[PDB]
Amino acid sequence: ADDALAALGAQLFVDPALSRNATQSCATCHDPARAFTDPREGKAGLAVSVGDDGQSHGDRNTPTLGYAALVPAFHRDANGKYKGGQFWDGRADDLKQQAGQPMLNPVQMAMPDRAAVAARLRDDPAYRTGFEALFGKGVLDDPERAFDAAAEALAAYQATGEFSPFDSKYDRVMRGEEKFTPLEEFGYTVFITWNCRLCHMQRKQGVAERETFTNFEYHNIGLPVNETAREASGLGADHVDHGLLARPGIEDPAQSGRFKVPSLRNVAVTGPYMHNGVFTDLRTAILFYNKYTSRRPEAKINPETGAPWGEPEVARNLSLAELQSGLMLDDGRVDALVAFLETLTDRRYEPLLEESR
């Protein structure tokens, strides 16, 4: 059942018959050889992904599915902070609610509706057999059931150890099986004593058993629009990605421009970075944080463009308290952080670090 449901999800995940033109499976955008992100080039580089029509681009960067199964379901905590959920704006409560959305999105897999999905599942005798064993006879005749079941299988598959193996060097080091290089060790010390820890650690204090390097909260760190992405997505020059406020049922204008803190696991191999893929290099993402702290003019310039970072897409609700730490990361500490973040790469993706290094 647990095994079998995931095994079904495994099959669906790679099955392009879930896209209108049959060109695209989850695996196409969440490619297992790329820590489940999209290696494909589109009109905005790797910032945003192309759908099954071959033309439609999204407005956000395809995130890893690695460790996404550790994220709690979306909720508001007692301190009025939203946490968890799926999608950069948390608009899906959890993996199961998320799974069906790329299928029906005309900018992604573009199936017209649930019935079209179920017709596809019915065409395949392995699916009749697999779905029926788990969900019962005729499940694939009922589009609502078939679609829900396909989401469930896909959520199950993403909860397997294959997606969250905890076998990064960092994991190995925390087991006592090996040691950090001294650069990695300094990186870890910086990470845990600087402001990164205020957002990129599961817990406020104490020790997490399955650390994924995010507190699953929502923060506006004051990123600019990714203009090439925004052009490709076609959403308009006057469009504002309001982040969490876009989630249905969120009305508080203080949530405007806030996005889910990503897990930094496999961060080294899942560029480009941020919700709009705006920064191509990991070092850039780190340096962006100096804009709140450094008094040096260079701290205001995106090193990838040589131009100012740009006005925030959403100039209000910035996390200034956390961001304005009073301390600038010098290059040695940025280098250290890169080294440390690379230790968060799963064992099987270690060979990918060669090219990024």
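One rule holds for the numbers: they count along the sequence shown, beginning at 1.
Peer 1: When the C-alpha temperature factors are averaged for each of 98-106 and 117-125, which stretch ends up with the higher value in the entry?
Peer 2: Per the deposited B-factors, the answer is 117-125.
Peer 1: Comparing average C-alpha B factors as deposited, tell me which of 173-181 and 235-243 sits higher.
Peer 2: Comparing 173-181 with 235-243, the higher mean C-alpha B-factor belongs to 173-181.
Peer 1: Among the choices 55, 290, 37, 302, identify the one whose CA B-factor in the record is greatest.
Peer 2: Highest C-alpha B-factor among the listed options: 55.
Peer 1: Which is it among 80, 272, 85, 222: the one with the largest CA B-factor in the entry?
Peer 2: Of the candidates given, the C-alpha B-factor peaks at 80.
Peer 1: Thinking about Cα B factors across the chain, which third does residue 59 belong to?
Peer 2: Lowest third of the chain for residue 59's C-alpha B-factor.
Peer 1: Can you tell me whether residue 144 has a C-alpha B-factor in the lowest, middle or highest third compared with the other modelled residues of the same chain?
Peer 2: Highest third, going by the recorded CA B-factors of the chain.
Peer 1: Going by the recorded CA B-factors, say which third of the chain residue 12 sits in, lowest, middle or highest.
Peer 2: Middle third.
Peer 1: Which third of the chain does residue 306 land in by C-alpha B-factor: lowest, middle or highest?
Peer 2: Ranked within chain, residue 306 CA B lands in the highest tercile.
Peer 1: Pull the Cα B-factor of residue 93 out of the PDB entry and bin it into the chain's lowest, middle or highest third.
Peer 2: As the PDB entry reports it, the C-alpha B-factor of residue 93 lands in the lowest third of its chain.
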